[PDB]
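The chain that follows stands alone, in the form deposited in one PDB entry, written as structure tokens.
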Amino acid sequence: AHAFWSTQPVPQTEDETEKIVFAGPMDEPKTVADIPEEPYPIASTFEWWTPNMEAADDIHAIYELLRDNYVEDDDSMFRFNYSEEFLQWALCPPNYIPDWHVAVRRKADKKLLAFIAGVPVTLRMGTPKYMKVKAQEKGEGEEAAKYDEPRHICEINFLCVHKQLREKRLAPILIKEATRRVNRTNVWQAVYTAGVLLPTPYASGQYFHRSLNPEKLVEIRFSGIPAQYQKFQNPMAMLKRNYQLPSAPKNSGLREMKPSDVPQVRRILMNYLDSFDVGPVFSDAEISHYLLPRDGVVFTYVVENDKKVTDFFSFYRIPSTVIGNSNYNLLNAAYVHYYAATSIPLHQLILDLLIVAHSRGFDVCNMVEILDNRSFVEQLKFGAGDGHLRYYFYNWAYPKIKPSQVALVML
């Protein structure tokens, strides 16, 4: 039983999803005027709050809530510690809607107790290529293609209820109130990811990580150990030797991205992302926002040959609190973001990402097996983690697809 999810416009079982052939809406069509004007009722001790993401103190409140109460892994070894600067970046992209950031505070003392964030995204989410094929053989092309145009929808992230308030059914109210504010803007679909299984993903992929600072990494789980390394003499030396990387990028032509690279980066990224079934469409302002280097937050490099950008990669920083281990309390992780390769194999481009991250002091590089991320796992010594990222739509029927048909990176 899902007392909440059974009431929502999502496919209810894997079986139902396995039946889906064309992209399209689940719900009755509705209009903005059908949607309540007033926020969803909540207990009189609580209030709704729309944080001002331009206010340092509002970003700090969100930061603290997530630092202490956001996502942990299954064994509670790590909890994400998104930084304030990271939050301001992720929550405030071009044309963001301040009303879509939704918080619940205790009225008496203004303690933040819960948060959910929506940002706008323009997403391709029409019927996948493999079904557009079944549709032709069968004579139904126009129907299969009806929703091919990129849609301006909502991307949901940072859902978080304070640990003191867990299992009190607060998450459904947050989700209902966000849905109301997005629908009041004449938006009827959302996309979201989670590490938990809910009804019902259209895709799921494993996490993969690449050790950059193995001495620290093995210590968090906790020398001896790894099992396979004990079996010889200088095991720490063998671990360091296995994961060592060059001090400097190998690709001549590599350099940090600059504002004048925006058009070229936009073009080579959009030609690449277009090949996938689900993927975002970015304007120049969105490329500038999500890809231009920002200290501590997002790191982007291009390969430039004869003043032409031919390849690029990006990664962003999310440190995690290390939970029990006393010595090291933060793990500095670099996450593979968007990239495009036209002049060199993908593994050669991403080796430079690992070199740069390592040189900048990151301990590990992490990613999900979306995009073409599988194509460099073995050669660059990534290993599968224990997590799986599931992709979801709200109010959108969508066939099941492989994660290598997904091009949307969620922060």
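Rigid core here is just the name for the largest C-alpha set that superposes within 1.5 Å across the two forms. Residue indices: 1-based, along the sequence shown.
**Student:** Please compare 46-54 with 351-359 and say which has the higher mean C-alpha temperature factor in the record.
**Tutor:** Mean C-alpha B-factor is greater for 46-54.
**Student:** When the C-alpha temperature factors are averaged for each of 201-209 and 302-310, which stretch ends up with the higher value in the entry?
**Tutor:** Per the deposited B-factors, the answer is 302-310.
**Student:** Going by the deposited entry, which of 317, 267, 184, 240 has the highest CA temperature factor?
**Tutor:** In this record, 240 carries the highest C-alpha B-factor of the candidates.
**Student:** Taking the Cα B-factors listed in the entry, which of 188, 328, 100, 276 comes out highest?
**Tutor:** Of the options given, 328 has the highest CA B-factor in the PDB entry.
**Student:** Quick one: classify residue 155 as lowest, middle or highest third of the chain based on its Cα B-factor.
**Tutor:** Lowest third, going by the recorded CA B-factors of the chain.
**Student:** Quick check on the deposited entry: does the C-alpha B-factor of residue 1 sit in the lowest, middle or highest third of its chain?
**Tutor:** Highest third, going by the recorded CA B-factors of the chain.
**Student:** What third of the chain does residue 91 rank in for C-alpha temperature factor, lowest, middle or highest?
**Tutor:** Middle third - that is where residue 91 ends up once the chain's C-alpha B-factors are sorted.
**Student:** Compared with the other modelled residues in the chain, in which third is the CA B-factor of residue 22?
**Tutor:** Highest third - that is where residue 22 ends up once the chain's C-alpha B-factors are sorted.
**Student:** Where does the C-alpha B-factor of residue 271 rank in its chain, lowest, middle or highest third?
**Tutor:** It belongs to the middle third of the chain when residues are ordered by C-alpha B-factor.
From this point on, the text means the form deposited in another entry, which you will not see here.
**Student:** Upon rigid core superposition, which of the listed residues (293, 141, 246, 224) is displaced by 2 angstroms or more at its Cα between this form and the one not shown?
**Tutor:** Shifted by 2 Å or more: 224 only.
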